[PDB]
Amino acid sequence: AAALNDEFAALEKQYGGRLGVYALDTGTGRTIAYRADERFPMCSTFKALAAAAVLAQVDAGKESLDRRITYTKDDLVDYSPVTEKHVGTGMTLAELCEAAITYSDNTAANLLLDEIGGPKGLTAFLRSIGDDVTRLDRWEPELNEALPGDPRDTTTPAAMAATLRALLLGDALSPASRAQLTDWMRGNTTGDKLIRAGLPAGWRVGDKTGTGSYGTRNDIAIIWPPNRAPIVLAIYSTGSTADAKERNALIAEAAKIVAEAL
Ligand code: NA
C-alpha cells in the first residue's frame, strides 16, 4: 500500500528512473505490486522464455535437446562468451539454452530464436500459455535499445511473474522440461549482485538478469526458502542514472524490501 509505495518511490528518486516490482508468496497468496502493470524493457530476461519455448517444442515431440546446431561468425554478436568458443564444432540446443540462461549468451539466444520462429514465434508461444502482454519484436542486440515510450520488446512485472510461475511451478511445460528450466535458472552465474544479494542467506534462487541501454537493469526469479512454498519475484528498472555497481544495489535493495514486506 501507500507506505510501501513511498519506499519504492524513495528508491526511484535515489537512483533516478523507474522501478517495477511484482512479488507473490505462493504460501500465503500475498503480493507486492509497484508499477506492476507498466511496461518495461525485457532485455536479457526473455532468454529464459526462449529456452522455455525450445523445451515446449521438445515436449511436443517436435524437437530434441541433443540436436547439434551449426553456426558461423556471421552469427556472433557481442557478449557471447560461450558460443564464441564453438564456431567450429557447433553446440547442442541443450548447451545453447544453458549458455543463454546461465551466461546470458547473446549469440545462443539468437540461435534459440532461430529454432522457435523468431521474436514473433516466441511471442506466439507466450500467448499460447496465457501471456497476452509480453512481446518480443527484435533480435540481439537491437532488442536492448530500451527506448522510453517504446512498446517493442517489453513485458510488465505482473505478466512476467505469472508467466515464470506457469513455466517453473505450473503446468506450461512437462515435468522434465520444467525441472530442466529450473536447474538452468538455479545455475545462473550472472545474478550474484542482484536478487541473490538482497535475500536472506538460506534462500535458493533460480534467476535471469537483464541489462540494457537507458540504464536498464532487471532480474526475475523463483525463490525457494527453507521449509516454505516458493516466492515469485519480478523486478524491472529503467532510466536510472547510476554506475554498474549501484544499479546492482538498486535491484538487491528492492529484493530486500520485498522479503521484509511479503
Ligand atoms: Na541483458
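Let us look at the structure shown here.

### Quick notes on the packing of helix α6 (residues 157-168) against helix α7 (residues 175-186)
At their nearest, the axes of α6 and α7 sit 8 Å apart, and the two run at 120 degrees to each other. Considering their axes alone, α6 and α7 lie oblique with respect to each other. Side by side, α6 and α7 meet where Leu164, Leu167 and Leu168 of the first sit next to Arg178, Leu181, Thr182 and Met185 of the second. Partitioning the contact of α6 with α7 into residue classes produces 5 nonpolar, 1 polar and 1 charged.

### Section: the coordination of the sodium ion
Distances from the sodium ion to its protein donors, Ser44 (OG), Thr211 (N) and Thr211 (O), fall within 2.5 to 3.0 Å. With a gap of 167 residues between them, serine 44 in the loop between β3 (40-41) and α2 (46-59) and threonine 211 in strand β7 (residues 204-212) connect regions that are remote in the sequence. For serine 44, a relative accessible area of 7% translates into the label buried. Classification of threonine 211 as partly exposed rests on a relative accessible area of 46%.

### Here's the deal with helix α3 (residues 93-102)
Most of α3 sits inside the fold, with 7 of its 10 residues counted as buried. Here α3 has its buried residues at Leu93, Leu96, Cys97, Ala99, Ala100, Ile101 and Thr102. Buried positions along α3 lie against α2, β4 (68-69), β5 (91-92), α4 (106-116), α7 and β7.

### Describing the packing of aromatic side chains
How two aromatic rings sit relative to each other is set out by the distance from centre to centre and by the angle between their planes. Evaluated as defined, the whole model comprises 2 aromatic pairs. Here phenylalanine 40 and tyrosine 236 contribute two aromatic rings whose centre-to-centre distance is 6.3 Å and whose plane-to-plane angle is 35 degrees, an arrangement assigned as tilted. Residue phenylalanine 40 is found in strand β3, and its partner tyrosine 236 is found in strand β9 (residues 231-238); the two are separated by 196 residues along the sequence. As far as burial versus exposure is concerned, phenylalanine 40 and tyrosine 236 are alike and both buried. Of note, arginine 18 hangs over the ring of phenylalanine 40, and the distance from its end group to the ring centre comes to 4.2 Å. Across the ring face of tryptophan 224, the terminal group of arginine 186 is positioned such that the distance to the ring centre comes to 4.1 Å.

### Things to note about the pattern of salt bridges
Inspection of the entire model under this criterion finds 14 salt bridges. When the shortest N-O distance is used, the salt bridge between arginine 228 and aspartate 25 registers 3.1 Å. Of the two residues, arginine 228 is situated in the loop between β8 (216-224) and β9 and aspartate 25 in strand β1 (residues 18-25); the sequence distance between them amounts to 203 residues. Judged by relative accessible area, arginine 228 falls into the partly exposed class, the value being 43%. Put simply, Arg138, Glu145, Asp150, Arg152 and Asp153 are held in one network by salt bridges that share partners.

### Quick notes on the sheet that holds β8
Pairing is antiparallel across the open sheet formed by 5 strands, whose spatial order is β2-β1-β9-β8-β7. With partners counted over all chains shown, the strands left at the sheet margins are β2 (31-34) and β7, one partner each. Within the sheet, the average angular offset between the axes of one strand and its neighbour, ignoring direction, is 10 degrees. Where β7 lies against β8, 9 bridges are found, and the strand directions are antiparallel.

### Some details on the environment of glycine 198
Within the element layout of this structure, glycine 198 appears in helix α8 (residues 195-198). Contact partners of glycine 198, with chain neighbours within four places excluded, come to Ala252, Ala255 and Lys256.

### Considerations on the pairing of β2
A regular strand carries its side chains on alternate faces of the sheet. Side chains of β2 alternate between two faces, with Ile32 and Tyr34 buried and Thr31 and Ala33 left unburied. Where β1 and β2 come together, 4 bridges link them in antiparallel fashion. Across the sheet, the residue bridging to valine 21 is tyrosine 34, located in β2. Remark: 5 residues form the turn of the hairpin made by β1 and β2, two consecutive strands paired antiparallel; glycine 29 in that turn has positive phi of roughly 75 degrees.

Here is what the cut-offs are and how they apply
- Residues numbered from 1 in each chain as written, not as in the entry; some residues may be left out.
- Heavy atoms only, no water.
- Axes fitted to C-alpha atoms, helices over the stretch in contact; angles between N-to-C directions.
- Helix = DSSP H or I, 4+ residues; strand = E, 2+ residues; numbered from the N terminus.
- Parallel < 35°, antiparallel > 145°, perpendicular 65-115°, else oblique.
- Contact = heavy atoms within 4.5 Å.
- Nonpolar A, V, L, I, M, F, W, Y, C, P; charged D, E, K, R; others polar.
- Donors = N, O, S within 2.8 Å, 3.2 Å for Na, K, Ca; no water.
- Buried < 20%, exposed > 50% of the residue type's maximum accessible area, 1.4 Å probe, protein only.
- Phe/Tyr/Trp six-rings, centres within 6.5 Å; stacked < 30°, edge-to-face > 60°.
- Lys NZ or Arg CZ within 6 Å of the ring centre and 35° of its normal.
- Salt bridge = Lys/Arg side-chain N within 4 Å of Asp/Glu carboxyl O.
- Pairing = 2+ DSSP bridges.

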